[PDB]
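In C-alpha cells, the next block holds one chain alone, the form deposited in one PDB entry.
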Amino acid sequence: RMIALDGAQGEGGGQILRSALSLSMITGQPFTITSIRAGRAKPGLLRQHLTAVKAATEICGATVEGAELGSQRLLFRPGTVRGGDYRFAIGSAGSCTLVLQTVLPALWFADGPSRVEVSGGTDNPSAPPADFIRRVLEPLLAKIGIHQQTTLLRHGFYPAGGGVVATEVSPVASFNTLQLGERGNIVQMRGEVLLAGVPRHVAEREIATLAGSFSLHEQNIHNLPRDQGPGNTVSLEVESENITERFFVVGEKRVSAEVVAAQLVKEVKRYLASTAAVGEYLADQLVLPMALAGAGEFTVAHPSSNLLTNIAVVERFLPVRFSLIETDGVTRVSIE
C-alpha cells in the first residue's frame, strides 16, 4: 500500500529513515516520511542520510521523490534488491557505518554475497564505530544466522572525513534464536586509545584513569598518521560471560584527557550497575535483526527512543510483535 511515517517520532532523528529504508527494501513495501529531522540544527537530509537514500535506491532500483540535501520529505518505492559490489561516498565526515546500517539488511536476502564500501566519517561520537560493529554487533548477528564482516580501511575524523569502511555480507541460509538474559560475570575488560595528530601523553593519561577504576586485561594505544586526524577516541570493551559490549568517547579540543576518560568510566559503570545484557545502543541495533529472524530477546536497562522507534517501524512493516516487560529496573525486549 503506502506506509506514512512521521519523522518527528521518538527523538526525531535519522534512525526512523534508515530503518524504514531497510525494511522497505526487504519487504517491497513503499513508504512516505515527512518532517525528516525537522527539529534539528541542520534539518532534513544531511550527506549521511542522502547517501543512505542513494545507496538504497541504487541497490533496489527504487522510485524516489525528494532525495536531496536538506529535504524533509521522502517517498520511496523499492524495486528488486540486487547483490553486488557497491561503493558510496558521503563527501563529509558523516557516518560511514550508518550508511552501511541502512543497506546491509537488504543484502542478507540477495541471491549471492555482496560487498559495500562507504567513504566518510569513522569516529563520529553519535554513531556505531566500525570496531563496535565488528566486535559487538556482528558476533551477535552470527548467532542469529546473519553473516557479515565489517572492516575499517582508513580513519576519517571530523570535519575532514576521508575514512573508509567496508562490509562483506553473505545471504542468510537459516535463522537461529538468540536469547540474552543477564550480563553474567566479567571475564575481561580492555581499554583502548586512538590517536591522530594528538600528543602521545594524552593516551597515557586516558588509560591511567581507566586502570585506576578497572582491572584491565589489555591496555592498547593506537597511533595513526596526522592526516587521518586530528582525532582522539577512548574505548572500553567489557567482556562478560554471556556477552561482550563496548563503549567509547571522542575527545574534543577544549575538553581535557583525564575527564574524557572520566565520562567513559561513568557510562561504563552505568552499564555495570544493571544486570542488563545489552547496552543502550546495541539494544536498538538488535531490533531489526531479531525481527527478521522471527524470534529472539534481550534485556536492556533503559529502553531508548531509538529502540522504541525501531520497534514501531518494524511493526508497521512486518507481522512480528514485540513485548516489553520490566523486572526490577531491567526491561526484557522479546518477540512474541
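What we label the rigid core is the largest C-alpha set whose atoms superpose within 1.5 Å from one form to the other. Start at 1 with the first residue shown and count on from there.
The discussion below concerns the form deposited in another entry, not included here.
Only one candidate in 294, 28, 61, 39 has its Cα displaced by 2 Å or more between this form and the one not shown after core superposition: 39. The rigid-core alignment places the CA of residue 158 2 Å or more apart between this form and the one not shown. Once both forms are fitted on their core, the CA shift for residue 244 between this form and the one not shown remains under 2 Å. Annotation: Cα of residue 170 displaced by less than 2 Å between this form and the one not shown, core superposition. Whereas the displayed form keeps them at a certain spacing, the CA atoms of residue 121 and residue 42 lie at least 3 angstroms farther apart in the other form. Between the C-alpha atoms of residue 12 and residue 81, a gap narrowed by no less than 3 Å is obtained in the other form, as opposed to the form on display.
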